[PDB]
Amino acid sequence: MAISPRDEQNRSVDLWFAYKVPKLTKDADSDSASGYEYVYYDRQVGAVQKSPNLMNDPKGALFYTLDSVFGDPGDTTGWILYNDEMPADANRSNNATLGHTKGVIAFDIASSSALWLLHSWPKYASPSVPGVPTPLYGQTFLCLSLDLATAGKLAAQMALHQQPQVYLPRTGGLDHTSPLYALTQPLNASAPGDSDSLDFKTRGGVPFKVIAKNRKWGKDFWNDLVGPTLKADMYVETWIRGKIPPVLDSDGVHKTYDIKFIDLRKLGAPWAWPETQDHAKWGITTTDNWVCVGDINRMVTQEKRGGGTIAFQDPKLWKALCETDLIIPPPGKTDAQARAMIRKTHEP
Amino acid sequence: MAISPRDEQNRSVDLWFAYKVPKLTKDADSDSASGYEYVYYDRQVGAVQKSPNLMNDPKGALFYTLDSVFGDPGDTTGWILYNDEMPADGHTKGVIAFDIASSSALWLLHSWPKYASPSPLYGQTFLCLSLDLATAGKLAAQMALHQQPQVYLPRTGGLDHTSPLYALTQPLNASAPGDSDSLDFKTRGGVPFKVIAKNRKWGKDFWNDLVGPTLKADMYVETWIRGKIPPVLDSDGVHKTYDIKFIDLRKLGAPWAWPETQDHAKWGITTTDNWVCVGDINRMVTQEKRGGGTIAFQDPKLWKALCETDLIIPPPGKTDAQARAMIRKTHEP
Ligand SMILES: [Cu+2]
Ligand SMILES: [Cu+2]
Ligand SMILES: [Cu+2]
């Protein structure tokens, strides 16, 4: 069958999204959340809802998607794996100058089909080691159905800008002139400028943009590249973009107060957690329903490394993500004072 | 004048210790602590007390000590600035300063003079010891072999190239047999201390597998944060950072207590025999492969003050025992 994202029932789907929760504790003897629970979204369900599965189960959209690639590949099935922190079974040291971008491009040459999985797990994925990695952080996933020509145009962009660190690839007999093949070879090309944006569509016709920075980029990825590219403002007002010092409590002791929380309780996932326990590599705009899922988090301080984000319009998913904000002030402070503390992390 | 630590009143002193507080917010208008306030200790005062100074003022033991070395050095005065950054292919700083004509020296842990890194966030310890030139040389020989620090802005002061202090300014190529080393020294005032070092081969627990056994006393680690506590449930599914372990100076006249995660935590004490340790290595289980070490000395007064800085605050609905179990869970690999 044609390479495709698989949904929660192991059926082909054009696009899916997941938001995985972090590991969340009651005490030393039990957890509220293991860190493998998640909410799931695609356009056939049409709503963001808590999944009955855990991401490390041998079921659910993540497992079914990757098992349909790694499980029993045909002779023309192949994949490009990349991560700035390679998994142990690559048995290679990391090149810190390469892109800080993570994902899987899988393809089948005979059927001219492909898929792209974006994730933010270090040391993932492996084509032969089972399971999933660290459960400690909130994380987002996006999985897109592509044709082979689109996968190749994406691979051509990555060779120049994102510059992913590729490991354990399978070529599936690719012709060596393929841009997908070139992504398995050393990346040396010089890039024009410090950023690049390209328009693509899924096989099902869903438009998306891949907005990429290269190692020469030094400005604000979100406000100076993504916003301008989308012709919209990023909704950054309540972003944690730096460290907040401890604050005084009424007992005379200073404590960590998170202030900004991410809250999935309206979506059926009965948890809320500090934004500092979240990879926070997603963002939305204030208008036009853009949802961005990618490699780059919200911190002002960034390494000069390649990477990017995927942007697409989706009113349902936009509204669900918009309403996950939760602001809790430190003791004695107002909502207004709490929001000012968050904004203070946006300055140098 | 011979090289010597200087106390809060710019008098020569054999040894002094300081604990600087992190920057701590009161509200949008003011900080409870700027991050330069500190408590100070030496054996002349005989108690750990809040200083009236800010550490970055041109007053107080740290400034007076540094100014006595770098402000107007004599022709045979020299120094080695070092840190534990990895060699060439956010780090612990120190200074060894010396004067050949007077055969005098001092060792300052966790600070450099301002000009070596010009312009508060975290709690930090400081220690300064009076040494003779021979002892400073034996310390430098150990560092060339084991800790292998990176060296910055040295001044040789005419040292002979055969001196181990001079050797510390030259490329460090040694590769010792064994993974660690310990040496005994004394200050000019006669206070014994040990320097306990690991080199880059060391892969075990620095504190429990090297320092403790070397001292023949267990490190007091039971309430150490040695890793990350996940967010903990408050109510209705909202999980928050509960620090659980705090460092509390309020019994010492310094009105601040803060999370141990806002502290460099490059110090420890033993459960018996009053050992105080200040060094390069923090309390985290996860450690990079690199040389480094700690000073250890006995001090009943300083030990008790540091012991009593423990503050445990359980998350809501939890007992003290449950809180301590959550702290101990961070000790797992
Ligand atoms: Cu990196
Ligand atoms: Cu070729
Ligand atoms: Cu000679």
Side-chain angles (χ1 to χ4, degrees), chain A residues 76 78-88 90-103 107 109 118-125 133-134 136-137 139 152 155-156 158-159 161-189 212-218 221 279-281 294-309, chain B residues 76 78 86 88-91 98 100 133 137 140-141 144 154-171 286 289:
Chain A
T76 64
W79 46 78
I80 312 291
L81 317 177
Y82 55 93
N83 202 308
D84 47 286
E85 290 185 86
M86 293 178 284
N91 264 279
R92 277 208 272 126
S93 299
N94 295 312
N95 184 336
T97 75
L98 292 178
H100 282 52
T101 182
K102 307 171 173 62
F107 52 90
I109 301 174
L118 185 140
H119 66 86
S120 65
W121 258 321
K123 302 177 150 166
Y124 189 81
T134 173
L136 297 184
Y137 283 91
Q139 302 182 200
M158 292 196 186
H161 297 277
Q162 296 94 311
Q163 297 224 314
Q165 176 173 239
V166 171
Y167 61 92
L168 299 172
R170 176 186 169 108
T171 69
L174 273 171
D175 157 65
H176 289 191
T177 74
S178 169
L180 290 160
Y181 185 85
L183 209 55
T184 76
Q185 301 304 114
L187 310 181
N188 290 129
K213 63 159 183 154
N214 56 60
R215 55 143 194 275
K216 299 189 292 311
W217 173 268
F221 174 77
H279 278 176
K281 293 178 171 189
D295 311 318
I296 307 301
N297 72 25
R298 300 164 178 186
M299 297 295 163
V300 170
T301 302
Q302 295 288 327
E303 299 182 76
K304 289 180 124 277
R305 302 295 187 269
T309 203
Chain B
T76 70
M86 330 265 288
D89 59 25
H91 290 292
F98 49 88
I100 305 306
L133 183 66
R155 174 186 167 108
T156 67
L159 282 164
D160 194 72
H161 59 87
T162 58
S163 166
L165 287 161
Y166 186 97
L168 195 50
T169 76
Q170 298 297 115
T286 296
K289 290 289 257 264

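One-based numbering, in listed order, for ligands and for the atoms of each. Chain letters run A, B, ... following the sequence lines, proteins first and then strands; every chain starts at 1. Atoms considered below: every heavy atom in the structure, side chains included; atoms not considered: hydrogens, waters and symmetry mates.
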Atom nearest to the Cu ion (ligand 2) - A/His176, N, O or S atoms considered: ND1
Salt bridge or not for A/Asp84 and A/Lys102, using N-O below 4.0 Å? yes
Would you indicate whether the side-chain heavy atoms of A/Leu98 and A/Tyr82 approach each other to under 4.5 Å? no
Any A/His119 side-chain heavy atom under 4.5 Å of A/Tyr124 side chain: yes
For a quick test of reading the model, state the closest non-hydrogen atom pair linking A/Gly152 to A/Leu180 and the distance between them.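 Answer, listing the atom of A/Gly152 first, then A/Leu180: CA-CG, 4.3 Å.
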Tell me the protein N, O or S atoms under 2.8 Å from the Cu ion (ligand 1), in chain and number order. A/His100 NE2
Rounded to the nearest 0.5 angstrom, the CD1-OG1 distance for A/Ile109 and A/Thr171 is 7.0 Å
Using the rule side chain to side chain donor-acceptor pair (under 3.5 Å), only one of A/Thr97, A/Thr101, A/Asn94 pairs with A/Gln165; which is it?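 Of the listed options, the one satisfying the test is A/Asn94.
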